[PDB]
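Fold and contact review
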Amino acid sequence: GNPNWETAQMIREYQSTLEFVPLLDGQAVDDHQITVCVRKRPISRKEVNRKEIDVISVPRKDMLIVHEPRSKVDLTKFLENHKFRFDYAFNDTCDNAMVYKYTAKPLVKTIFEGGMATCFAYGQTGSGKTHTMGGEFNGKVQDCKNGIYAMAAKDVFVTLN
Amino acid sequence: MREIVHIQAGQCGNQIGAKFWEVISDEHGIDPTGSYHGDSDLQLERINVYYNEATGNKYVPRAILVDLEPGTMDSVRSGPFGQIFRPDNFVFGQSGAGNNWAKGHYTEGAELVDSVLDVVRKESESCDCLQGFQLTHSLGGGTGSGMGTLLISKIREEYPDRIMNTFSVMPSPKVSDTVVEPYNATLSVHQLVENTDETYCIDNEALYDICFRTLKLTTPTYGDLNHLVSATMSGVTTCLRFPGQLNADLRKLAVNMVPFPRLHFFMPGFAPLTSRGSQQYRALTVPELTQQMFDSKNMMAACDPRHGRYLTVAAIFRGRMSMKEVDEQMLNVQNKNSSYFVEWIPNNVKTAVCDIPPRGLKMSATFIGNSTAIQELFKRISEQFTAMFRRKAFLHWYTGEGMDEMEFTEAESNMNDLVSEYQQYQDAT
Ligand SMILES: CC(=O)O[C@H]1C(=O)[C@@]2(C)[C@H]([C@H](OC(=O)c3ccccc3)[C@]3(O)C[C@H](OC(=O)[C@H](O)[C@@H](NC(=O)c4ccccc4)c4ccccc4)C(C)=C1C3(C)C)[C@]1(OC(C)=O)CO[C@@H]1C[C@@H]2O
Ligand SMILES: Nc1ncnc2c1ncn2[C@@H]1O[C@H](COP(=O)(O)OP(=O)(O)NP(=O)(O)O)[C@@H](O)[C@H]1O
Ligand SMILES: Nc1nc2c(ncn2[C@@H]2O[C@H](COP(=O)(O)OP(=O)(O)O)[C@@H](O)[C@H]2O)c(=O)[nH]1
Ligand SMILES: [Mg+2]
């Protein structure tokens, strides 16, 4: 409804003083044999109706920052930049589901190259992770055409072919 | 005749009165019970100024004891004169200010002042005609700082043209007995400049020097410190109680001793003061007392009067004297020390002669001065104030009680104008 709006005034100042190199799912996602990637769920319509405040920056392709409000020893507001160098930093807006493909591509090779290519899905409750591996990708009724496993379980027969 | 309401605030203030109310009753000869047993009848002539009558020959002091926040209370009741106050006048509350101004003036005062201001109007209409509102408290602390200034905002509102004296024990510039002591000074004086007719600015370090350097005392207790202050109070209302050949109203002081409606911050003084057995090697005359009164080490102000300029002084003399000696000694001081005073004021001294001394003495006096030497004191506090506020030191005990940042800037610039407009008049112009 109306939380402290100056909370958001603290946020936007770090934004309009820097470069920002966003990251989308329309680029060759190179290989390393190892990684830990990121993908967030979009802000819901309800959260907007309750005026939930942004908490993230996506300044780079391999780094993310959190916007934590804090207080000083005179009740003066302070903001923290939780600088987290990572490998892959995808946005909640860029969910085209090629993230799995971009994650599958190195792995779809390995077993067919004779190797042990494994993974794990890690995330908080309500963070959209059942929408991230168990499929399907519509976000409405889980329409049985976009099983996220099938995006490389296709490869199980197609890259076999 | 005119009568006086007496109010006490703070832990300091009622401890002052607890000795002080013993002095007045001994000045007239009144038991712990209220049975008058004085010697003459001349002390009976103005009982009414403080004491009203009761049923069987009993006299009741019109003292409204606001500051009995309950720890201080029972000590007053279990004192020498706990059996002399009307017990319904013990107006108090619970869980006091705790040396917080906003807990004295903004939160717990609102839960007590309606129980106080009514009891004011009780003793008010039992008087024929009023002038006297003697608030006895201190700065620096709690109840005397926030709950004390609350009544002075209110009783001025119900009584716009009555004499308002507050005998406020000021902070000390070196011996700091309170961590928040500049934060209680700046706020409470901001009330005092607005709505007081006069005040008796008193320090303890000045009381420390007098008890030790002059009275030669080993261990001064707070009953003995305040007994010096109790000597000031009874000396001023001497002429409103006793017939004098040159009388002294509070308003006779409060037209003479004040040039300008804001500058009414007084320093007291008293003489004789000596250390002896019963043989002391001196002799009481008019020039005997006179030189003692004007001494820089005989001030209750903790400042050098020679550093500032006396605007005006008040010599309230008691006992049998001779007016020419009184006149010429006040004349000779203004002659030999003319560079000290405010030069562009025709006479810099007035006199006041009562005809009755106290019990033990044969003569006495009471100095009241108003100087640009008190320009030092607020400078010695506002500098202590302004170091705390820039680092924003103790704000979360004040902003969490109902205060504001803009209130503090408003508070000191009041006090910054007094020291500014004492520099205008300490200058030779
Ligand atoms: C033998 C003799 O003359 O003794 C004097 C005495 O020695 C001296 C030192 C007295 C003595 O005073 C003190 O030592 C003292 C103690 C605490 C606080 C202040 C003073 C005296 O105690 C104090 C006492 O004062 C009075 O009697 C006044 O009436 C005085 N009374 C009180 O303060 C008082 C004390 C206890 C109970 C009730 C009242 C007074 C002053 C102004 C207004 C009203 C009353 C006097 C003259 C003396 C003694 C007894 C030694 C002095 O004080 C006064 C107030 O007179 C201290 O310097 C003066 C000079 C006196 O000569
Ligand atoms: N990346 C996304 N894009 C768009 N909508 C999403 C996304 N992730 C989740 N949603 C929607 O958010 C809602 C909750 O997602 P869901 O996957 O059911 O949450 P969950 O993490 O499984 N919660 P829970 O089972 O209660 O522990 C659903 O309506 C989804 O369609
Ligand atoms: N002269 C004098 N000063 C006192 C006395 N008691 C406390 N003080 C001073 O009063 C200030 C502390 O305030 P206090 O009255 O005790 O706090 P309160 O009960 O909250 O009003 C300090 O500056 C103390 O030095 C006293 O009995 N006599
Ligand atoms: Mg689920």
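For each chain, numbering restarts from 1 and follows the sequence as written, which can differ from how the entry numbers it; residues lacking coordinates are not listed. To read the labels, note that chains go from A and ligands from 1, taken in the order they are written. A larger assembly contains the chains shown, and all values are computed for the shown part only. Computation of side-chain values covers all heavy atoms of the structure but excludes hydrogens and water.

1. Considering the overall build of chain B
Condition: Each helix is a run of H or I in the DSSP string that is no shorter than four residues. Each strand is a run of E no shorter than two, and both are numbered from the N terminus. Both definitions apply: the radius of gyration is a C-alpha atom measure, and the globule rule equals 2.2 Å times residues to the power 0.38. Note on contacts: a residue pair is in contact if any heavy atoms of the two residues lie within 4.5 Å. Per-residue and other accessible areas follow the Shrake-Rupley method at a 1.4 Å probe size, with only the shown protein chains counted as cover for residues.
Broken down by element type, chain B carries 13 helices and 11 strands. Here the C-alpha radius of gyration of chain B, 21 Å, is about what a compact globule of 429 residues would show, namely 22 Å. With the principal axes as the frame, chain B shows a C-alpha extent of 60 × 60 × 45 Å. In chain B, 81% of the contacts between residues at least 6 apart in sequence involve partners at least 24 apart. Put simply, chain B shows about 19,000 Å² of open surface, and 50% of that area lies on carbon and sulfur atoms.

2. Quick look at the site of ligand 1
All names here are of chain B. Applicable threshold: Any residue with a heavy atom lying within 4 Å of a molecule or strand is counted as near it. What qualifies as a polar contact is a pair of N or O atoms within 3.5 Å, subject to a donor-acceptor requirement within protein and to the restriction that residues adjacent in sequence count only when both atoms come from side chains. Any residue outside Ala, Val, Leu, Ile, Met, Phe, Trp, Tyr, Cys, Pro, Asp, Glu, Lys and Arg is labelled polar, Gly included; the first ten of those are nonpolar and the last four are charged.
Looking at ligand 1, there are 15 residues lining it, with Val-23, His-227, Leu-228, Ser-234 and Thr-274 nearest. Note that an oxygen atom of ligand 1 is positioned 3.4 Å from one of the backbone N or O atoms of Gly-360. About the coverage of ligand 1: the protein hides 68% of its 970 Å² of free accessible area. Among the secondary structure elements, those contributing two or more residues to the shell around ligand 1 are α1 (10–28) and α8 (222–236). With four residues, the single largest contributor to the shell around ligand 1 is α8. Here the shell around ligand 1 is composed, by residue class, of seven nonpolar, four polar and four charged.

3. Some points on the pattern of salt bridges
Should their charged atoms come close, side chains of opposite charge can pair. What counts is decided by this rule: Here a salt bridge means any side-chain nitrogen of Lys or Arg lying within 4 Å of a carboxyl oxygen belonging to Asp or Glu. Think of it in three bands: residues with accessible area under 20% of the maximum for their type are buried, residues over 50% are exposed, and the middle band is partly exposed, with areas taken using a 1.4 Å probe on protein chains only.
The full count for this structure, using the stated rule, is 29 salt bridges over all chains. Note that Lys-145 of chain A and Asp-143 of chain A form a salt bridge whose closest N and O atoms lie 2.7 Å from each other. Overall, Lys-145 of chain A belongs to the exposed group, its relative accessible area being 63%. Of the charged contacts in the structure, one is a salt bridge between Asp-74 of chain B and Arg-77 of chain B, with a shortest N-O distance of 4.0 Å. Separated by three residues within a single helix, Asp-74 of chain B and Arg-77 of chain B lie in helix α2 (residues 73–77), roughly one turn from each other. Judged by its relative accessible area of 43%, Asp-74 of chain B is partly exposed.

4. Quick look at the UniProt feature "binding site: ATP" in chain A
Residue and element names in this part refer to chain A. For clarity, the cut-off: UniProt positions are given in the numbering used here, feature names are shortened, and annotations may be inferred rather than shown by experiment.
In this structure's numbering, the residues bearing the UniProt feature "binding site: ATP" are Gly-123, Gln-124, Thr-125, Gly-126, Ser-127, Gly-128, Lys-129 and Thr-130. Of note, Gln-124 is situated in the loop between α3 (98–112) and α4 (150–153). Accessibility expressed as a relative area gives 63% for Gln-124, which makes it exposed. Positionally, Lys-129 belongs in the loop between α3 and α4. In contact with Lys-129, other than residues within four places in its own chain, are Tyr-122, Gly-123 and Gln-124. Of the polar contacts made by the side chain of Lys-129, one reaches the backbone oxygen of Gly-123; its length is 2.5 Å.

5. What to know about the pairing of strand β3 (residues 77–81) of chain A
Residues and elements named next belong to chain A. The criterion, for reference: Strands are treated as partners if at least two bridges between them are detected by DSSP.
Here five bridges tie strand β2 (residues 63–71) to β3, and the two strands are oriented antiparallel to one another. Of the residues in β3, the one forming a bridge with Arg-70 is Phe-78. The antiparallel pairing of β2 with β3 creates a hairpin that spans five residues between the two strands, and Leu-75 there sits at a positive phi of about 55°.

6. What to know about helix α12 (residues 375–390) of chain B
Residues and elements named next belong to chain B. Note the following rule: Under the convention used throughout, the expected extent of a helix is 1.5 Å for every residue step, that is, one less than its residue count. By arc we mean the arc of the directions from the helix axis to the C-beta atoms, nothing more.
The terminal C-alpha atoms of α12 lie 23 Å apart, and with 16 residues this matches the ideal 22 Å at 1.5 Å per residue to within 8%. By the burial criterion, the buried members of α12 are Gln-375, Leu-377, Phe-378, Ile-381, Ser-382, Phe-385 and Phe-389. Down the axis of α12, the buried side of the element spans an arc of 145°, and every buried residue falls inside it. Those residues of α12 that are exposed and aimed more than 90 degrees away from the buried face are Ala-387 and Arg-390. Where α12 is buried, its residues contact α6 (181–195), β8 (265–271) and α13 (405–426). Positive backbone phi, at 60°, marks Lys-392, one or two positions downstream of α12.

7. Let's talk about the packing of aromatic side chains
Applicable threshold: Aromatic pairing here means that ring centres of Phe, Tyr or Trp (its six-membered ring) are within 6.5 Å. Orientation follows from the plane angle: under 30 degrees is stacked, over 60 is edge-to-face, and everything else is tilted. Only when the NZ of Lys or the CZ of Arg is both within 6 Å of the ring centre and within 35 degrees of the ring normal is a charge said to sit over the ring.
Within this structure, the stated rule accounts for 23 aromatic pairs over all chains. Note on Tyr-88 of chain A and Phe-90 of chain A: the rings are 6.2 Å apart at their centroids and 10° apart in plane angle, and the pair reads as stacked. The interplanar angle of 80° and the centroid separation of 5.0 Å between the aromatic rings of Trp-101 of chain B and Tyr-106 of chain B together place this pair among those described as edge-to-face. The buried category is assigned to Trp-101 of chain B, whose relative accessible area is 1%. Given the relative accessible area of 34%, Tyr-106 of chain B is considered partly exposed. Feature note: the residues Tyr-183, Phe-385, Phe-389, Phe-394, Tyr-398 and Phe-408 of chain B constitute an aromatic cluster, connected by ring pairs. The side chain of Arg-241 of chain B reaches across the aromatic face of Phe-242 of chain B, ending 5.4 Å from its centre.

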